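# Observations on the three-dimensional arrangement
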Amino acid sequence: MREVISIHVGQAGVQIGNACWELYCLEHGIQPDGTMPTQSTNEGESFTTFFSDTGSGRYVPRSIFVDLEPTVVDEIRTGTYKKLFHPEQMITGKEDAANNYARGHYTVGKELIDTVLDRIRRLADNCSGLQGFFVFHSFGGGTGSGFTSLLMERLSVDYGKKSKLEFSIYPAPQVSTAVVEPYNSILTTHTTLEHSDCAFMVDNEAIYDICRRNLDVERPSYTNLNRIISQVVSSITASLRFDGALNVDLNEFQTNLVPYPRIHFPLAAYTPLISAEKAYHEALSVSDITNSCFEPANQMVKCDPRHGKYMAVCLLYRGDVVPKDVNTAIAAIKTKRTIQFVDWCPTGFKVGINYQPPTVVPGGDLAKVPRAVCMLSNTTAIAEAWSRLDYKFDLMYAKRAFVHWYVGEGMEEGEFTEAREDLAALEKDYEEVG
Amino acid sequence: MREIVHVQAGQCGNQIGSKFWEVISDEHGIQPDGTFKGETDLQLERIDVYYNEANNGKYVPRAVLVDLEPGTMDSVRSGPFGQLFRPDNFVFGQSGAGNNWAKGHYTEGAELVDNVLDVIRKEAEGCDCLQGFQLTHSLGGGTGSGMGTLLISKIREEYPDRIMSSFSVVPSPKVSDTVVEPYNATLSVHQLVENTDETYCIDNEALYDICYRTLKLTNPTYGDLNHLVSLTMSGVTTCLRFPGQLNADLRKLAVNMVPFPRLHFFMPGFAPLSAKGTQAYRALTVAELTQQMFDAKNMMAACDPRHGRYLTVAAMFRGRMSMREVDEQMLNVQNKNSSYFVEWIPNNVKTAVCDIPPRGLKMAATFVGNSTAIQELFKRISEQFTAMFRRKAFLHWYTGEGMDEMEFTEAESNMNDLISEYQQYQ
Ligand SMILES: Nc1nc2c(ncn2[C@@H]2O[C@H](COP(=O)(O)OP(=O)(O)OP(=O)(O)O)[C@@H](O)[C@H]2O)c(=O)[nH]1
Ligand SMILES: Nc1nc2c(ncn2[C@@H]2O[C@H](COP(=O)(O)OP(=O)(O)O)[C@@H](O)[C@H]2O)c(=O)[nH]1
């Protein structure tokens, strides 16, 4: 049937995948050792998109772990989730690229790219309904940028027509770690425009704002930030892993949300995202959280949504939701005038309601709420998020700082110049279409 | 896998590691016999990076011990952790440099360089892919500043690819330690700006000012001054030896910091630092450990941090910490101290967090900074170097060895171009 493959490249690929595949074992009733208990067969209704069958219910994830460094991969090969994954699906590196492009685009990647594309083809030949790709990466990583652009340069030659999905983290304009992240974000945007269907972005700080105010988590780290992103990942798959009245597959997401083949970069949002106590004193209706979707304390990228112009807003609901107030509240959004559209698209809405409510992680900070919304809103606030990063790249480039690492690794300096004219017209097209 | 040798040369760097290997021994649960006694295998899963296990678990440190005399050999050998080192590596001469560069470089060091060159080759043949070298020596004396100077000029012939850590002490403005101390500085840095990747300019003077105020210790033992050098170096390589939420190898520490192929002269910092009785009376918060890192007190060199600009801030934090409070305050220092940074380089903070603190604390911070007030370190020595060349004193200890007069002036021109490059962006 339909079967979807996931690829995890970089350390952000490692631990986000350590949460998403951890979460899916809860939502299908699969024990982490590798087999299933017999009670979760009725829950296991069309789980075939990720898990091959082996011998007696033993379910390997159709997932590939790619890293140039063996350290964080051994965390998978130490914990409980060691026996779940397949060993020859784990392909490790030895020498690190250290957030450098040609160290991750030519040096260690080209010794390992031929090993992993076989493991792509070894697994994908079982498919008769191969839909899409979950590729997880960063923007400033050596293998996060240098290998990811090269990997998407090769799978479009192989499979082409079949879809792709990229999840990543938007680098914050104020608080971020690596100094080469303004460099590599221009590099990972250069040749991945042509080789990616859609790519999503989240902020470190925009997670933190709801963590401190609504979750009331005043000591967050990369443990709980992986759980919050994984709920957004799981809510997309709920249209596919279960039987809904009006649901949507991966080819349909890009068909609605891509108005032009270059501007295809929306973001995410999730609500209700609060702690376990505040849901007790409040009855969260449909009109409650849907109006909570379109306020700037709910976006997952810290920018100005009111200074952006909405073009195609996508909505996926979960839980037992009636469509009457849905057909009212989205109309009640249209009664408000602050939600600005473009003049040519009034019909940029998507309706999706699944029967299954989201189930929370065990021992987590969330609360069991029936209603939830995964808001996807492509807008022109991405252009205002382009200018904050195009300011960082050029001024460090003008003094030619940190160029002496990019030179000797098999890389040219004129490629920095061509990406400048490439990204200049990109943020222009938000204002040209808008 | 990723493998690093540690080489000591000269009387300074030979006794720095002698306390430094002890902490590396104690952070991984081994013995002077090399017997692993770590309870959790977290102390074993990256034991291979500094060790070569052979014949029932007696781990030998990947260490080379070089001297021009047998004086410093037996003291390390009969001293603490003397049974741990491999006796194959005990290569030495019978001269002594006598604080003379051309003896350590041309005359006597040219004899003993061939023996350990194969020893550099031998342990590098038994590995899959080397990673980089770390070197402890001196810049004031004659043995390490003359012999370890020439060693870097032959590593690049073997391995022109990897990184070179050259940790060495530097002169102080207050009291000179040796007589030819400005001669041992300009002639060494002439070769250090050619083929090295990082130097940590640690002043001997300011280490007492750390101990006199924080530690309040009236009796500075030389085991204790290198002990503060020991905990600095172990915090740098914590990513290669321990897991965490964000790992950062020595090359990532290299590539984030050095902007131009000369300006790689960094000073280190460490927090917390205090005496015994002030433990409970202060706070172990992210905010208290933040502002200690950016004080003139924590400056291990005797240069003034408000007389320069931080270019690349490296925050190697150790311990179970909240990431957002790290994300909070590293923003807050630039909202306070925007004059204290270089202006045209945005987001000057680089953060690497391992979730394992060092032994003896609960939360620590390993700082390495790039102030452009380290320009004054090469301002003060270029005058003392040109204080005695104007009278041509001590020339019969160098030209009598066969040193060129142009060898002074070629180094003297490249010394003065170095402070022009800090001036370029200040
Ligand atoms: N929040 C979060 N961000 C991560 C995590 N892992 C990596 N990142 C992001 O990844 C960016 C840089 O990429 P890295 O993961 O460090 O490097 P890489 O992708 O493994 O590529 P290499 O340099 O070749 O090792 C950083 O700016 C981080 O923000 C993670 O576990 N949690
Ligand atoms: N902190 C510290 N510094 C030392 C020690 N021994 C030597 N030094 C420094 O090393 C410098 C002298 O160099 P040295 O190696 O002893 O002379 P050499 O053997 O001829 O090369 C002096 O400036 C000392 O400050 C020590 O045990 N601790």
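Residues numbered from 1 in each chain as written, not as in the entry; some residues may be left out. Chains lettered and ligands numbered in written order. Part of a larger assembly, values for the part shown. Heavy atoms only, no water.

In the PDB header, cryo-EM is given as the technique by which the entry was determined, and 4.8 Å as its resolution.

### Notes on the site of ligand 1
Residue and element names in this part refer to chain A. Our working rule: For each residue, the test is whether any non-hydrogen atom lies within 4 Å of the molecule or strand; if one does, the residue is near. Polar contact is the term for a pair of N or O atoms within 3.5 Å; when the atoms are in protein, one must be able to donate a hydrogen and the other to accept it, and sequence-neighboring residues count only if both atoms are side-chain atoms. Accessibility throughout is a Shrake-Rupley quantity obtained with a 1.4 Å probe, and a residue counts as covered only by protein chains that appear here. Every helix listed is a DSSP run of H or I at least four residues long, and every strand listed is a run of E at least two residues long, numbered separately from the N terminus. Ten residues, namely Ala, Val, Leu, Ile, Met, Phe, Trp, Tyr, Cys and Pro, are considered nonpolar, four, namely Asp, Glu, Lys and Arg, are considered charged, and the remaining ones, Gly among them, are considered polar.
The environment of ligand 1 is made up of 18 residues, and the closest members are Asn-99, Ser-138, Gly-142, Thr-143 and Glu-181. One nitrogen or oxygen atom from the main chain of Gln-11 is found 3.3 Å from an oxygen atom belonging to ligand 1. Between ligand 1 and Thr-143 there is a distance of 2.4 Å, counted from an oxygen atom to a backbone nitrogen or oxygen. In isolation ligand 1 exposes 630 Å². Once the protein is present, 92% of that is buried. Within the residue set of the shell around ligand 1, elements represented by two or more residues are helix 1 (11-28) and helix 5 (142-158). When its residues are assigned to classes, the shell around ligand 1 shows five nonpolar, 11 polar and two charged.

### Description of the pattern of salt bridges
Residue and element names in this part refer to chain A. Convention followed: A pair is scored as a salt bridge if a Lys or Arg side-chain nitrogen falls within 4 Å of a carboxyl oxygen belonging to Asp or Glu. Buried residues are those whose accessible area, probed at 1.4 Å on protein chains only, stays under 20% of the maximum for their type, while exposed residues exceed 50% and partly exposed ones sit between those limits.
Applying the stated criterion across every chain yields a total of 33 salt bridges over all chains. The salt bridge involving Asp-216 is made with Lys-278; its shortest N-O contact spans 2.4 Å. Of this pair, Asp-216 sits in the loop between helix 7 (204-213) and helix 8 (224-241) while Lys-278 sits in the loop between strand 9 (268-271) and helix 10 (286-292), placing them 62 residues apart in sequence. Judged by its relative accessible area of 34%, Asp-216 is partly exposed. Overall, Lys-278 belongs to the partly exposed group, its relative accessible area being 35%. As a salt-bridge pair, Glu-252 and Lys-350 come within 3.9 Å of each other at their nearest N and O atoms. Remark: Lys-350 occurs in strand 11 (residues 349-350) and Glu-252 occurs in helix 9 (residues 250-257); sequence separation between them is 98 residues. Accessibility expressed as a relative area gives 28% for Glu-252, which makes it partly exposed. The buried category is assigned to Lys-350, whose relative accessible area is 11%.

### Here we look at the sheet that holds strand 6 (residues 129-136) of chain A
Residues and elements named next belong to chain A. To keep it simple, the criterion reads: Any two strands with at least two DSSP-identified bridges between them are counted as paired. Contact between two residues is taken to exist if any of their heavy atoms lie within 4.5 Å; hydrogens are not considered. The axes used here are C-alpha line fits, helices contributing only the stretch in contact, and every angle between their N-to-C directions lies in the interval 0 to 180 degrees.
In space, the six strands of this open sheet follow the order 5-4-1-6-7-8, with parallel pairing throughout. Strands with a single pairing partner mark the edges of an open sheet, and in this sheet they are strand 5 (90-92) and strand 8 (199-200). Relative to strand 8, strand 7 (residues 165-167) runs parallel, the two being bridged by two bridges. By the bridge assignment for strand 8, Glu-166 is matched with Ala-199. With respect to the sheet, helix 5 is in contact with strand 1 (2-9), strand 4 (63-67), strand 6 and strand 7, its orientation differing from that of strand 1 by roughly 145°.

### Section: the UniProt feature "binding site: Mg(2+)" in chain A
Under the convention used in this document: UniProt positions are given in the numbering used here, feature names are shortened, and annotations may be inferred rather than shown by experiment.
Feature annotation in UniProt assigns "binding site: Mg(2+)" to the following positions: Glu-69 of chain A. If you trace the backbone, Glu-69 of chain A turns up in the loop between strand 4 and helix 2 (71-76). For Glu-69 of chain A, a relative accessible area of 10% puts it in the buried group. Aside from chain neighbours lying at most four places away, what touches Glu-69 of chain A is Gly-93 and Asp-96 of chain A together with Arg-2 and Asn-247 of chain B.

### Side note on the interface of chain A and chain B
To keep it simple, the criterion reads: Buried area counts how much accessible surface, traced with a 1.4 Å probe, disappears from two parts once they are put together, with both parts' losses summed.
Listed per partner, the contact involves 37 residues of chain A and 39 residues of chain B. For the pair chain A and chain B, the summed buried surface comes to about 3800 Å²; carbon and sulfur atoms form 57% of the total. In this structure, the connection of chain A to chain B is made through three salt bridges. Run the count over chain A and chain B and you get 14 residue pairs in polar contact. Of all the secondary-structure elements, those providing two or more residues to the side of chain A that touches chain B are helix 1, helix 2, helix 7 and helix 12 (381-398) of chain A. Counted by class, the side of chain A that touches chain B contains 14 nonpolar, 10 polar and 13 charged residues.

### Quick notes on the pairing of strand 1 of chain A
All names here are of chain A. Most of strand 1 sits inside the fold, with seven of its eight residues counted as buried. Two elements, strand 1 and strand 6, share six bridges in a ladder whose sense is parallel. Bridge pairing links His-8 to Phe-136 in strand 6. In this sheet, strand 4 lies alongside strand 1 in parallel orientation, the contact comprising four bridges. Within strand 4, the position partnered with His-8 by the bridge is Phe-65.

### Considerations on the sheet that holds strand 10 (residues 313-318) of chain B
Pairing between the strands of a sheet is mediated by backbone hydrogen bonds and can be parallel or antiparallel. Residue and element names in this part refer to chain B. Strands sit in the order 5-4-1-6-7-8-9-12-10-11 across an open sheet of 10 strands; the sheet is mixed. Looking at the sheet topology across the chains shown, the edges are occupied by strand 5 (90-92) and strand 11 (349-354). The sheet shows a mean angle of 20° between the axes of neighbouring strands, taken without regard to direction. Sheet topology note: the strand 8 (residues 198-203)/strand 9 (residues 265-271) ladder contains two bridges and is parallel. Bridge pairing in strand 9 links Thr-199 to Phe-265.

### With respect to the UniProt feature "binding site: GTP" in chain B
Residues and elements named next belong to chain B. With numbering aligned to this structure, UniProt lists the feature "binding site: GTP" at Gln-11, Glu-69, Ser-138, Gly-142, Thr-143, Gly-144, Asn-204 and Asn-226. These annotated residues cover 216 residues of sequence, and their C-alpha atoms sit far apart, with the largest distance between any two at 24.2 Å. Tracing the backbone through its elements, the reader meets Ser-138 in the loop between strand 6 (129-137) and helix 5 (143-158). With a relative accessible area of 9%, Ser-138 lands in the buried category. Non-local contacts of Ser-138, meaning those with residues more than four positions away in its chain, are made with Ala-9, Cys-12, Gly-144, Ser-145, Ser-168 and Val-169. Looking at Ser-138, its side chain comes within polar contact range of the main-chain nitrogen of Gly-141, at 3.2 Å. Structurally, the position occupied by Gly-144 is in helix 5. Once residues lying within four places of it in the same chain are set aside, the contact partners of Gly-144 are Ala-9, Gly-10, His-137, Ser-138 and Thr-149.

### Structural notes on the UniProt feature "binding site: GTP" in chain A
All names here are of chain A. According to UniProt, the feature "binding site: GTP" maps to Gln-11, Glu-69, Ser-138, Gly-142, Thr-143, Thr-177, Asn-204 and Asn-226 in the numbering used here. Positionally, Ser-138 belongs in the loop between strand 6 and helix 5. Ignoring any residue separated from it by four or fewer positions in sequence, one finds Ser-138 in contact with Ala-12, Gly-144, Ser-145 and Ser-168. Topologically, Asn-226 is positioned in helix 8. Judged by relative accessible area, which is 13%, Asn-226 ranks as buried. Other than its neighbours up to four places away in sequence, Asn-226 contacts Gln-15, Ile-16 and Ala-19.

### Let's talk about the packing of helix 12 of chain A against helix 13 (residues 414-433) of chain A
Residue and element names in this part refer to chain A. Just so we agree on the cut-off: Here the angle decides the label: under 35 degrees means roughly parallel, over 145 means roughly antiparallel, 65 to 115 means roughly perpendicular, and every other value means oblique. In this scheme, a crossing is called left-handed if the near helix is turned counterclockwise away from the far one by less than a right angle; it is called right-handed if the turn is clockwise.
Put simply, helix 12 and helix 13 touch, their axes get as near as 10 Å, and they point 160° apart. When the axes of helix 12 and helix 13 are compared, the pair comes out roughly antiparallel. As helix 12 packs across helix 13, the resulting crossing turns out to be left-handed. For the pair formed by helix 12 and helix 13, the contact residues are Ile-382, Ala-383, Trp-386, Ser-387, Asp-390, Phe-393, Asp-394 and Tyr-397 on the first element and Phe-416, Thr-417, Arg-420, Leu-423, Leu-426, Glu-427 and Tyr-430 on the second. The class makeup of the residues in the contact of helix 12 with helix 13 is nine nonpolar, two polar and four charged.

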